[PDB]
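Participant: Have a look at this one.
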Amino acid sequence: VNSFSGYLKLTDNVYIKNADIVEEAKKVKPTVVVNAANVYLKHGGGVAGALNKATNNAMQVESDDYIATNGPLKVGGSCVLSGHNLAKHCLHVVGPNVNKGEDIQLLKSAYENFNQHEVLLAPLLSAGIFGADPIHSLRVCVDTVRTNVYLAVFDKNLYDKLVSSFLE
Ligand SMILES: CC(C)[C@H](Nc1ncnc2[nH]cc(C(=O)NC3CC3)c12)c1ccc2c(c1)S(=O)(=O)CCC2
C-alpha cells in the first residue's frame, strides 16, 4: 500500500528514517524493497542477510536459481526478483564495495536503477562494510533519484550525522 510514516522529508522526493528496513517492509508492504546486493546474490550478512532471514531463506533460494541460469550481475546493475512476504518485488542493486577496491563513481549508476520505480523503500547504498562515505552516498541519492525514495538507516548515530550534514 506504500503507507510510509515517521520519515523526515529531505527533498521533494527523498525521505529518511532511523529504522530497520525489515520492520519498515513488514509495516508498509511496499511495491518495491531495495536490497544492497553483491554480484552473485549471496545474502549472508548486513542488510541482505537481514532481508533474506525475514523471508525464511526464500530470497536466497530464488536468487541461487536466478544465478545458476543467468550468471552474476555487474557493479552498478540491478535485478528485479520476488519480494516474497516483504514487498511485491525486490530490486537487488549492486553498489560498489570501496573496501574491496571497487570504483565509487559507479554509485551513481547504482542509484539510477531506482528511477525505473515510482516508489521504493531502500537502504543507503554502499554504506556499512562496503566502505563508501555515507554523506556522499546520500548526496548521490539526492542528485540522481527522481522517483520517491524512503531511506531506512538502522543506526541512530549515523542517521543523526546524515541529517545534520544535509541540513548544513
Ligand atoms: C549502515 C548500516 C546501519 C546499514 N544497515 C541497515 N540499514 C537498514 N536496515 C537494516 N536492517 C538490518 C541492517 C544491518 O546492517 N544489520 C546487521 C546486523 C548489523 C540494516 C547498511 C546500509 C547499507 C549497506 C550495509 C549496511 S552492509 O550490509 O554493511 C553492506 C551493503 C550496504
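Residue numbers start at 1 in each chain; chains themselves are named A, B, ... in the order of the C-alpha cells; ligands are numbered from 1 in the order shown.
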For ligand 1, collect every residue having any atom at a distance of at most 8 Å from a ligand atom (counting only C-alpha atoms and all ligand atoms); output as a VMD selection string.

Facilitator: chain A and resid 19 to 22 36 to 37 45 to 51 95 97 122 to 131 134 152 to 155 158

Participant: With a distance cut-off of 8 Å and only C-alpha atoms, select the neighbouring residues of residue 58 (chain A), excluding the residue or stretch itself and same-chain residues fewer than 4 positions from it, and output the selection as a tab-separated table (two decimals) with N, CA and C atoms, in the first residue's frame.

Facilitator:
chain	number	residue	atom	x	y	z
A	52	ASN	N	17.00	-11.46	3.81
A	52	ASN	CA	16.80	-12.90	3.49
A	52	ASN	C	16.24	-13.68	4.69
A	62	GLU	N	15.53	-18.36	-4.32
A	62	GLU	CA	15.20	-17.76	-5.63
A	62	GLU	C	16.44	-17.17	-6.29
A	84	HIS	N	8.67	-11.64	-2.03
A	84	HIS	CA	8.26	-12.62	-1.04
A	84	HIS	C	7.23	-12.01	-0.05

Participant: Neighbours of residue 145 (chain A) within 8 Å (only C-alpha atoms; same-chain residues fewer than 5 positions away dropped), as a list in words?

Facilitator: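 Skipping anything fewer than 5 positions along the chain leaves residues 111, 112, 114 and 115 of chain A.
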
Participant: Keeping N, CA and C atoms, export the residues of the selection given above as a PDB file, in the first residue's frame.

Facilitator:
ATOM      1  N   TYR A 111      22.319   3.997  -8.064  1.00  0.00           N
ATOM      2  CA  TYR A 111      21.095   4.716  -7.706  1.00  0.00           C
ATOM      3  C   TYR A 111      20.184   4.968  -8.934  1.00  0.00           C
ATOM      4  N   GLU A 112      20.757   5.082 -10.151  1.00  0.00           N
ATOM      5  CA  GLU A 112      19.936   5.359 -11.341  1.00  0.00           C
ATOM      6  C   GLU A 112      18.889   4.224 -11.546  1.00  0.00           C
ATOM      7  N   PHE A 114      16.961   3.099  -9.422  1.00  0.00           N
ATOM      8  CA  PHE A 114      15.752   3.439  -8.676  1.00  0.00           C
ATOM      9  C   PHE A 114      14.744   4.184  -9.554  1.00  0.00           C
ATOM     10  N   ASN A 115      15.204   4.888 -10.610  1.00  0.00           N
ATOM     11  CA  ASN A 115      14.321   5.705 -11.424  1.00  0.00           C
ATOM     12  C   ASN A 115      13.319   4.928 -12.280  1.00  0.00           C
TER      13      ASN A 115
END

Participant: For residue 74 (chain A), list every protein, DNA or RNA residue within 12 Å, evaluated using only C-alpha atoms, and leave out those in the same chain fewer than 5 positions away; present the list as a list in words.

Facilitator: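 Answer for this query is residues 37, 38, 39, 40, 41, 79, 92, 93, 94, 95, 96, 102, 106, 109 and 110 of chain A.
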
Participant: Counting only C-alpha atoms, which residue out of A:56, A:165, A:78, A:35 sits closest to residue 138 (chain A)?

Facilitator: A:165

Participant: Could you pull out the strand (DSSP E) residues of chain A, going by DSSP on the backbone, and write them as a PyMOL selection string?

Facilitator: chain A and resi 8-9+14-17+32-36+78-82+89-93+119-122+148-152

Participant: Keeping only C-alpha atoms, write the selected residues as a compact mmCIF listing (two decimals), in the first residue's frame.

Facilitator:
# COMPACT_ATOMS: atom_id res chain seq x y z
CA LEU A 8 11.88 13.22 7.63
CA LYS A 9 11.42 14.91 4.25
CA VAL A 14 13.84 11.85 -0.72
CA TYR A 15 12.79 10.80 2.80
CA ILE A 16 14.81 9.28 5.66
CA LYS A 17 14.08 7.38 8.92
CA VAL A 32 9.46 -2.35 -4.06
CA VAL A 33 12.08 -3.06 -1.39
CA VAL A 34 15.73 -2.49 -2.44
CA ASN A 35 18.41 -5.00 -1.40
CA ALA A 36 22.07 -3.89 -1.12
CA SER A 78 20.23 -4.40 -10.77
CA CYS A 79 17.75 -7.27 -10.93
CA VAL A 80 14.03 -7.39 -10.13
CA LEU A 81 13.01 -10.65 -8.37
CA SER A 82 10.10 -11.50 -5.97
CA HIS A 89 9.19 -7.01 -5.70
CA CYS A 90 12.77 -6.91 -4.50
CA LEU A 91 15.10 -4.74 -6.57
CA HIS A 92 18.60 -6.21 -5.97
CA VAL A 93 21.07 -3.32 -6.60
CA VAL A 119 8.25 4.50 -5.12
CA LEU A 120 10.85 2.46 -3.22
CA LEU A 121 11.88 1.50 0.33
CA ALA A 122 15.74 1.37 0.33
CA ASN A 148 10.04 8.71 -4.37
CA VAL A 149 12.68 7.05 -2.17
CA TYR A 150 12.21 6.21 1.52
CA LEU A 151 15.62 5.51 3.10
CA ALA A 152 15.69 3.37 6.26

Participant: Considering only C-alpha atoms, return as a list in words whatever protein or nucleic-acid residues lie within 8 Å of residue 30 (chain A), sequence-local ones (same chain, fewer than 5 positions apart) excluded.

Facilitator: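 After dropping sequence-adjacent residues, the list is residues 1, 2, 3, 25, 86, 87, 88, 120 and 121 of chain A.
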
Participant: Could you turn the residues from that selection into a file that holds C-alpha atoms, as a short mmCIF file (atom, residue, chain, number, x, y, z; two decimals), in the first residue's frame?

Facilitator:
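The resulting file, result_9.cif, is reproduced below:
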data_model
loop_
_atom_site.label_atom_id
_atom_site.label_comp_id
_atom_site.auth_asym_id
_atom_site.auth_seq_id
_atom_site.Cartn_x
_atom_site.Cartn_y
_atom_site.Cartn_z
CA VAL A 1 0.00 0.00 0.00
CA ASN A 2 3.12 2.28 0.18
CA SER A 3 1.88 3.80 3.52
CA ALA A 25 8.80 -3.57 4.91
CA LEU A 86 8.23 -8.26 2.48
CA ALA A 87 7.16 -6.47 -0.75
CA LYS A 88 5.66 -7.14 -4.23
CA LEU A 120 10.85 2.46 -3.22
CA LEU A 121 11.88 1.50 0.33
#

Participant: From region 33-112 of chain A, collect each residue whose DSSP state is helix (DSSP H, G or I) and return the set as number ranges by chain.

Facilitator: A: 46-54, 58-70, 98-100, 106-112

Participant: Measuring between only C-alpha atoms, which one of A:43, A:113, A:142, A:166 shows the shortest distance to residue 61 (chain A)?

Facilitator: A:43

Participant: Figure out the distance between CA of residue 161 (chain A) and CA of residue 116 (chain A), please, to one decimal in Å.

Facilitator: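 Separation between CA of residue 116 (chain A) and CA of residue 161 (chain A): 29.1 Å.
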
Participant: With distances taken over only C-alpha atoms, which residue among A:31, A:69, A:133, A:117 lies nearest residue 146 (chain A)?

Facilitator: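 Selected residue with least distance to residue 146 (chain A): A:117.
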